[PDB]
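There is one chain below, alone, in structure tokens, taken in the form deposited in one PDB entry.
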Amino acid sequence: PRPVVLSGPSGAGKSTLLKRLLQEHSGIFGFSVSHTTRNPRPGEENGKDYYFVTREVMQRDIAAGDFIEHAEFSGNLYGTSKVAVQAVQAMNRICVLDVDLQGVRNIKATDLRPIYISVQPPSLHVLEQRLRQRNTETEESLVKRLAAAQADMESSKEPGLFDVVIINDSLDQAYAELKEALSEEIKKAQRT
């Protein structure tokens, strides 16, 4: 039973598929609650979606060595803390992570030994509409995320970087491809 790392462009639907997975398989998977310096969106709860901390707190923790990995994204800091992964391990659950491309390569350097899945948009055109539908991004921050998306899409074709690439055209189909990709993960977890 290996950890799971979900990545992809902003707005692809990796958080959506993760939420569906975590509700239907609550006893099998446990979400890695990362730290972030950005403000919480409406409907986001501190401790569940993210550990919302200020910039000074994040930098203080980085010096203290609390983070397995950390990176900046659209002028805000994100990080997978050691305590976040150890919390899921203490619950006897498969840790699932939602990081960017920079985190993916950082995790490659660690010993977490995960399975890498890239949730990809059907095309870059529909990604903008997906990002524009949520409206949480201002026009300036939307362009920054859209620009970084193409770099993420290009790197998704790198051989060996991702174990599974899922195109998120149909959400039910994308979730079906997610479960099948985790079939041996769910099997091994239930096999104990």
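In case it trips you up, residue 1 is the first one in the sequence shown, and so on.
Enquirer: Out of 110-118 and 81-89, which stretch has the higher average CA B-factor listed in the record?
Expert: According to the PDB entry, the answer is 110-118.
Enquirer: Mean C-alpha B factor from the entry: is it higher for 138-146 or for 29-37?
Expert: It is 138-146 that shows the higher mean C-alpha B-factor.
Enquirer: So if I compare the CA B-factors in the entry for 128, 69, 44, 66, which one is the largest?
Expert: 128 has the highest C-alpha B-factor of those listed.
Enquirer: Place residue 54 in the lowest, middle or highest third of its chain's C-alpha B-factors, as listed in the PDB entry.
Expert: It falls in the bottom third of the chain.
Enquirer: Within this chain, which third does the Cα B-factor at residue 8 fall in: lowest, middle or highest?
Expert: Tercile = middle for this residue's CA B-factor.
Enquirer: Against its chain's modelled residues, does residue 157's Cα B factor rank lowest, middle or highest third?
Expert: Top third by C-alpha B-factor.
Enquirer: If you rank the chain by CA B-factor, which third does residue 171 end up in: lowest, middle or highest?
Expert: For residue 171, whose C-alpha B-factor we compare with every modelled residue in the chain, the answer is the highest third.
Enquirer: Lowest, middle or highest third of the chain for the C-alpha temperature factor of residue 132?
Expert: Its C-alpha B-factor belongs to the highest third of this chain's values.
Form deposited in another entry: not shown, discussed below.
Enquirer: How does the C-alpha distance between residue 41 and residue 175 change in the other entry compared with the present structure, closer or farther, given a change of 3 angstroms or more?
Expert: Between the C-alphas of residue 175 and residue 41, the gap widens in the other entry (3 Å or more compared with this form).
Enquirer: By 3 Å or more, the Cα spacing of residue 65 and residue 104 differs in the other entry; is it closer or farther than in this view?
Expert: Compared with the shown chain, residue 65-residue 104 is closer in the other entry.
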